There are 2 protein chains.
Amino acid sequence: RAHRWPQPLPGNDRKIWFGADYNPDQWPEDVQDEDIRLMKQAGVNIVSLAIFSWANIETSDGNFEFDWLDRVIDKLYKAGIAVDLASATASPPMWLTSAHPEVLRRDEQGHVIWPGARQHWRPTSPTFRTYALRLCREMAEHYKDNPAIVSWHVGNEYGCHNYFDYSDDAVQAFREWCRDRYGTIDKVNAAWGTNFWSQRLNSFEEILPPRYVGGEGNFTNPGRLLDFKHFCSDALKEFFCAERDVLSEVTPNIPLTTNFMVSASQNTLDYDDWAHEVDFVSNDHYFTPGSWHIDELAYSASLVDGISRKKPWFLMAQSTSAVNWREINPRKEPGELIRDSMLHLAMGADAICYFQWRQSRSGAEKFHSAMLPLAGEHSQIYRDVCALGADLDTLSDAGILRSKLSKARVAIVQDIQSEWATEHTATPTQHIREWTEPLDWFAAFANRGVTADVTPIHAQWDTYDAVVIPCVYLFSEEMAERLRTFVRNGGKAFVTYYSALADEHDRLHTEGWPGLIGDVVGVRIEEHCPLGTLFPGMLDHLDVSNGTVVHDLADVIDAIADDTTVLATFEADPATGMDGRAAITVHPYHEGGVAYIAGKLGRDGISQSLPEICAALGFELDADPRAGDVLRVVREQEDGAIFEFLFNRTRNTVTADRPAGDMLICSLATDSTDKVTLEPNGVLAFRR
Amino acid sequence: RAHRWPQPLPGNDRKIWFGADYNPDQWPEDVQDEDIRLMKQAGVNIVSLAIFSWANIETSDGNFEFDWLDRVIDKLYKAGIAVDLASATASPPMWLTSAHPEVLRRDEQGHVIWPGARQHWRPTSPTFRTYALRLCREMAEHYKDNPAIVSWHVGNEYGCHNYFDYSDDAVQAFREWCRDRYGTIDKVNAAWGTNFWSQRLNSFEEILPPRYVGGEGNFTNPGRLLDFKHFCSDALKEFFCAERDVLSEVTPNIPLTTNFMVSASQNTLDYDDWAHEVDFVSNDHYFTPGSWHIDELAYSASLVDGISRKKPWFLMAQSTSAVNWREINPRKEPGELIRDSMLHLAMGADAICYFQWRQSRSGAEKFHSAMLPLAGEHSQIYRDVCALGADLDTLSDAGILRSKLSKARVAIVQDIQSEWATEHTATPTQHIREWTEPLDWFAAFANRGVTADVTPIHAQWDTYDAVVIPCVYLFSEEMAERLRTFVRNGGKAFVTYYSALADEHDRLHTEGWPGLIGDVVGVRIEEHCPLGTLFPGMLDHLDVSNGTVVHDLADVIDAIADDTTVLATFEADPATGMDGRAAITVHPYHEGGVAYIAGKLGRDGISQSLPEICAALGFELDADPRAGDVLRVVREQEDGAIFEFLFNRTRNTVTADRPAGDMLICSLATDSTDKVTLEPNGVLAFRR
Ligand SMILES: OC[C@H]1O[C@H](O)[C@H](O)[C@@H](O)[C@H]1O
Ligand SMILES: OC[C@H]1O[C@H](O)[C@H](O)[C@@H](O)[C@H]1O
């Protein structure tokens with residue numbers, strides 16, 4: 001599927017896009033001149049329109065009014081502001097759900113999901129599909145021929161709320177998905193191990209989705225659950241593809257996207273898979289408060305880039321300050337608004353947008369920050385948004401557009417499907433999920449001055465000097481071979497606990513762990529040692545001999561190969577059986593290359609262990625112990641021009657080596673002759 | 001009923017049974033010769049088969065095939081391995097629930113319980129009874145005279161998930177049980193105090209089970225709830241009785257059992273009552289991780305013996321290492337495999353089995369340990385299993401079989417009905433339940449080198465030298481006469497807070513606590529003093545004058561009798577009204593015998609207080625301050641042979657006086673001329 005990036009309005013140059021969700025249909029019409037006036041002053045040059053506007057467009061069944069939308073598009077176009085137009089199909093009107101309550105999502109207990117919030121429709125309902133596909137057709141027909149429209153924003157965050165449906169529509173389509181993937185019922189029975197607890201299937205007609213099995217102390221089929229999660233993603237991908245085929249047929253030159261929600265902990269949609277279906281990848285991401293703020297945002301933006309295969313990507317939403325949807329919504333500290341935007345940009349984005357333009361006075365999102373606060377033009381956030389628009393204009397003129405996130409020395413593998421598998425309630429421990437571990441390695445390498453590339457499992461991590469395999473619970477035979485081949489030919493691999501436990505069907509590998517690849521890794525494990533404080537006197541941590549500490553889970557390593565070296569061992573009470581067992585090992589395999597980390601060390605423990613592990617593998621690290629003070633993010637043009645961003649990672653002002661080049665952008669920082677200065681949350685960009 | 005013990009295969013001697021749930025229907029057929037081979041090598045002499053095999057026996061309605069099952073039974077019989085055969089009725093096929101969804105269990109809130117796990121049937125559903133009782137006939141008809149079958153494993157773990165059903169079948173059957181228990185509606189009104197909040201019943205037709213009352217802040221009738229729990233247990237007991245009757249009719253000489261879930265915390269089925277319905281008692285028990293590991297398993301096994309009235313019993317399931325069903329599933333430490341089995345064996349088991357033979361690759365229980373792990377015969381678990389089989393063969397040859405768990409000096413009373421009663425949500429505090437107290441008493445006497453016998457309340461505790469009455473919340477007049485008579489004639493009693501609060505209908509006794517027994521105990525209490533940290537500045541503990549601390553709840557002892565002595569008082573801020581009040585008293589009554597403990601002490605508090613209490617009661621305790629280091633469990637033959645087992649209770653290697661006689665078994669232990677050595681988790685057995 002070819003990359004096609006939204007293009008300028010007629011007579012404008014190519015620029016970093018900079019905008020917001022705009023919702024003028026929630027204000028009186030006469031607010032729009034001020035909006036536009038402030039958007040111009042802020043250097044805003046695109047808005048996303050009509051995302052949730054279904055009910056103000058098809059105002060009653062069969063009745064489509066476009067006037068208010070055409071008027072504001074006109075006003076925006078005359079001002080030089082492009083329009084990312086939504087399909088308007090995110091959330092249906094009251095008249096549609098009143099009249100057809102059968103579009104309503106059902107939860108795992110059979111609860112109806114009422115109107116009164118959003119995205120409360122069943123992804124596989126035919127009635128709902130027909131309405132959507134009609135609105136799509138009407139929107140497209142009305143706006144082909146309209147030159148303000150530069151891209152389609154199809155739907156909105158599919159499966160954010162409606163990922164899991166259990167309606168009879170879902171019952172039916174999950175069967176058909178099973179028939180299509182498995183052909184014959186006996187193939188389904190093998191994939192799921194239905195000979196456990198009299199679950200054996202006679203026919204496809206017998207397959208149900210994992211509805212309520214009584215809650216706690218009751219365990220649903222794990223392979224079925226995996227496939228169900230797969231199916232839920234596919235069902236909405238299918239729905240999205242249909243909406244987009246309809247818009248594209250009528251407006252073939254108009255590039256189409258939908259907004260992803262890629263973040264460290266996202267555990268529903270398989271975005272890498274959806275990525276084959278969009279003309280350019282776009283993402284919505286909101287900061288994690290506290291210490292994780294910087295590293296988890298960088299990690300995420302890197303993964304977007306990975307999912308993107310290094311094509312430029314579109315930041316469709318983030319917050320200027322507080323969000324509204326956590327138990328506690330911290331505000332952003334000074335400089336974090338410009339800094340976070342620059343982090344997404346540094347990680348390859350060529351568009352930077354917010355939810356949303358103007359703060360609502362009312363509705364569930366009234367407390368969600370915006371580009372123009374209820375406090376108005378004379379506010380810190382608006383001033384900062386203006387400074388940010390100028391910075392992006394400056395970076396547009398410096399020629400940053402279309403440069404790629406340069407290729408890191410290390411790839412960190414991310415794998416939603418391994419994440420699904422690790423969510424079963426009957427694993428060795430609920431305290432391990434796949435998603436935390438790749439983030440831990442990303443931060444630890446950053447701590448040692450290394451910017452890793454986060455890559456989905458199907459991307460080309462096997463072309464990097466090095467790869468991290470973190471809790472990659474699912475290993476197929478083709479994955480085994482890819483990994484084997486990689487290390488054979490000179491690859492360095494860091495491989496952790498919880499990797500290669502099962503095949504792609506969640507069928508646990510036999511004869512010892514890691515499954516399939518024990519030859520490459522040169523380690524053998526018969527069982528896990530989970531850790532915690534569930535009951536008094538439980539073994540709750542395991543010290544490691546280099547001064548670190550494992551929590552949640554260690555591997556019990558039974559034996560290692562003759563040419564495996566032990567870098568570190570566990571230190572425990574002798575009654576545990578863990579004392580003196582191998583905790584960190586290194587093992588050659590032809591021209592590589594394999595380190596094994598036999599429990600959860602956390603960002604800090606990985607970081608402590610990195611020098612020793614890398615030395616033994618041949619992977620070179622900056623000797624500077626200031627290495628972790630700053631995150632260094634580099635985009636490259638094919639023509640040779642290099643853009644390097646620096647971010648302070650820490651809670652004090654730091655000083656660092658000035659890179660070569662022209663200083664382009666600076667927030668809470670200072671350029672000098674030898675040394676660059678960065679305040680907390682400061683950032684610099686250089687071209688060289 | 002008559003004790004019948006499963007008998008050897010033709011031409012075999014009697015041996016301790018040693019085996020597992022075996023699940024050949026989950027594996028390809030050609031795997032069996034390997035199973036049988038490794039079984040022989042491990043000394044396994046029995047397996048339990050077809051427990052969840054409905055779907056592969058009645059493969060469609062009325063269609064019964066037995067081929068695969070006769071095949072494996074033949075391989076096993078050839079290899080000298082007996083079969084404990086299931087009714088196969090534990091969990092119905094997908095075709096049966098497809099066609100008759102009215103079998104599905106209904107929860108407290110009316111949700112359907114779907115297939116996809118197990119035991120999702122209504123205990124009183126007449127349709128499901130029909131199906132089950134036919135499958136029973138077919139199994140019995142097909143296997144009568146087949147000499148490999150040495151026992152029936154009827155259903156599985158009744159009430160493990162389906163204990164509480166709220167379907168119309170349960171509605172209708174609860175009325176019937178009430179009509180049969182009370183005769184007239186006025187007696188129902190009397191037992192449950194329905195004149196509170198306009199609940200008085202006009203007829204049995206108005207009797208409903210305790211469905212949802214709106215949750216938090218709403219409180220269901222506690223007398224009704226009590227009887228409802230009794231009913232849920234009787235309703236499943238009856239189902240079992242019917243299944244079993246259909247089986248012993250066809251096969252009058254094959255002894256039958258069903259697997260109980262006796263453990264310190266279980267709080268559903270009344271196992272002592274069900275024990276009347278089996279030919280021999282069998283139990284599934286899984287370790288508590290941490291400090292509680294040893295004491296809670298010995299407690300539970302002791303209770304099985306008590307429930308068994310000291311007849312030999314059958315450990316039907318336990319884990320070689322980790323289970324799969326806690327949020328954190330720790331593995332067993334080295335030696336705990338053999339030690340735990342020896343603990344069950346020491347407490348009176350003549351048969352030791354695991355769930356399960358071979359670790360599943362798939363299904364909800366794939367992470368549950370087995371005798372033969374995924375990692376294969378080359379694994380520590382399988383090696384330890386082999387050692388254990390040799391050990392149980394050794395003990396077989398020593399003549400342990402049918403030795404009885406010796407009579408302790410103190411019985412500790414357990415009482416499922418009191419447990420039920422203490423579960424209501426409007427008691428003085430939710431941090432008091434009956435079940436923790438007898439366990440605390442077991443562990444404490446053990447710390448003072450006394451192995452108590454845990455006895456259900458209807459067993460003969462009134463024939464021990466001492467009894468512990470721990471939170472026996474329900475006290476009928478007959479129970480009070482039993483305790484009075486026991487103490488009159490020279491008994492020694494330890495009686496705690498939360499005893500004799502209410503009659504057998506949960507109707508609180510009047511005129512002061514403990515009710516009925518105030519004369520025997522010598523203490524009068526008007527109200528409780530609950531303790532905890534729910535609001536700032538709440539009274540959260542009360543120190544006691546012998547240096548212990550009470551938590552969660554204390555009595556307010558208002559007055560003691562003329563001849564009651566105070567051994568210890570509460571110490572507290574004077575404003576509490578608790579400072580100087582009686583905390584532990586002792587009171588003679590004719591030739592006995594009564595100590596009263598007015599609050600929750602913990603294992604440590606009881607342990608610290610035992611010497612002063614036992615000295616004052618005249619109960620002799622070992623003078624050795626090392627007494628708590630090892631747990632001594634003792635089985636006896638009529639011919640006077642004696643099997644003494646010794647277990648290290650502690651987390652350090654311990655040393656102790658060598659027992660007289662022949663060393664039989666050692667694990668993580670060591671023999672010597674004067675002293676015996678036990679490592680943490682060690683065990684030794686001797687015969688004399
Ligand atoms: O932070 C809240 C924000 O989240 C995403 O960006 C949605 O697509 C927005 O419309 C809004 O709900
Ligand atoms: O610990 C899990 C295990 O527990 C009990 O023994 C059940 O009867 C088994 O069938 C199995 O589910």
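Order of the sequence lines fixes the chain letters, A, B, ..., with proteins taken first and strands second; residue numbering starts at 1 for each chain.
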Residue part contacting chain B, namely of [X], when any heavy atom lies under 4.5 Å:
X         : answer
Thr425(A) : backbone
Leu531(A) : backbone
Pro428(A) : both

Point to revise | Euclidean distance, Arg118(B) CZ relative to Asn218(A) CG, rounded to 0.5 Å | key: 9.0 Å

Point to revise | Distance in Å, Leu208(A) CG paired with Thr97(B) OG1, rounded so as to fall on 0.5 Å steps | key: 7.5 Å

Side-chain contact, heavy-atom cut-off 4.5 Å: [X] with [Y]?
X         : Y         : result
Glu511(A) : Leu374(B) : no
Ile207(A) : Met94(B)  : no
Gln119(B) : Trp197(A) : no

Check your understanding: Side chains of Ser379(B) and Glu526(A): donor-acceptor distance under 3.5 Å anywhere?
Key -> no

With a 4.5 angstrom heavy-atom cut-off, is it the side chain or the backbone of [X] that approaches chain A, or both, or neither?
X         : result
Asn23(B)  : neither
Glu365(B) : both
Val112(B) : backbone
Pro334(B) : both
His293(B) : neither
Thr653(B) : neither

List the atom of [X], the atom of [Y], and the distance in Å for their closest heavy-atom pair.
X         : Y         : answer
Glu333(B) : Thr576(A) : OE2-CA, 3.5 Å
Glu206(A) : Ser98(B)  : CG-OG, 4.0 Å
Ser321(B) : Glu527(A) : OG-OE1, 2.7 Å
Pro222(A) : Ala364(B) : CD-N, 3.5 Å
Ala117(B) : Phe219(A) : CB-O, 3.3 Å
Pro530(A) : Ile328(B) : CB-CG2, 4.0 Å

Heavy-atom pairs under 4.5 Å with chain B are the metric here; pick the option from [options] that has the most.
options                                    : result
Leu508(A), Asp573(A), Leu553(A), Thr510(A) : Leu508(A)
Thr427(A), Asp558(A), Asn221(A)            : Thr427(A)
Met538(A), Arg211(A), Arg524(A), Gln430(A) : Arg211(A)

Could you check which of [options] has the highest count of heavy-atom pairs closer than 4.5 Å to chain A?
options                                    : value
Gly376(B), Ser60(B), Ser91(B), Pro289(B)   : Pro289(B)
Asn329(B), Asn652(B), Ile51(B), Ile113(B)  : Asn329(B)
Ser362(B), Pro680(B), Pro373(B), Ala375(B) : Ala375(B)

**Study point:** Derivation and outcome, side chain to side chain contact (heavy atoms under 4.5 Å, CB included), residues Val556(A) and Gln380(B)
**Key:** CA-CA 11 Å; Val556(A) 170; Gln380(B) 193 62 61; over 6 Å; no

Exercise for review: Could you tell me which residues in residues 224-231 of chain A have at least one non-hydrogen atom under 4.5 Å from a non-hydrogen atom of chain B, sorted by residue number?
Suggested key: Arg224(A)

Check your understanding: Mind checking which of residues 512-523 of chain A sit less than 4.5 Å from chain B, heavy atom to heavy atom?
Key ->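 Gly512(A), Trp513(A) fall under the 4.5 Å cut-off.
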
Exercise for review: Could you give me the CA-CA distance, side-chain angles and deciding distance for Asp506(A) and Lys366(B), then say whether salt bridge (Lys or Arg N to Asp or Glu O under 4.0 Å) is met?
Suggested key: CA-CA 10 Å; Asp506(A) 196 44; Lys366(B) 53 184 222 253; 2.4 Å; yes

Review point. Can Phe196(A) and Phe52(B) be said to form a side chain to side chain contact (heavy atoms under 4.5 Å, CB included), step by step?
Key: CA-CA 8 Å; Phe196(A) 194 59; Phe52(B) 308 91; 5.8 Å; no

Review point. Does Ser198(A) reach the main-chain N or O of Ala55(B) with its side chain, forming a donor-acceptor pair under 3.5 Å?
Key: yes

Review point. So, the side chain of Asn202(A) versus the backbone of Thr59(B): is there a donor-acceptor pair under 3.5 Å, distance only?
Key: yes

Exercise for review: Verify side chain to side chain contact (heavy atoms under 4.5 Å, CB included) between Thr429(A) and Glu327(B), making sure each step is shown before the conclusion.
Suggested key: CA-CA 6 Å; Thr429(A) 172; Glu327(B) 37 162 303; over 6 Å; no

Check your understanding: Are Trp114(B) and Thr220(A) close enough, and set up right, to give a side chain to side chain contact (heavy atoms under 4.5 Å, CB included), and what steps lead you there?
Key -> CA-CA 10 Å; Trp114(B) 293 98; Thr220(A) 205; over 6 Å; no

Counting only heavy atoms not in [X], do more than 12 fall under 6.0 Å of its [atom1]?
X         : atom1 : result
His111(A) : NE2   : yes
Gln109(B) : CD    : yes
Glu108(B) : CD    : yes

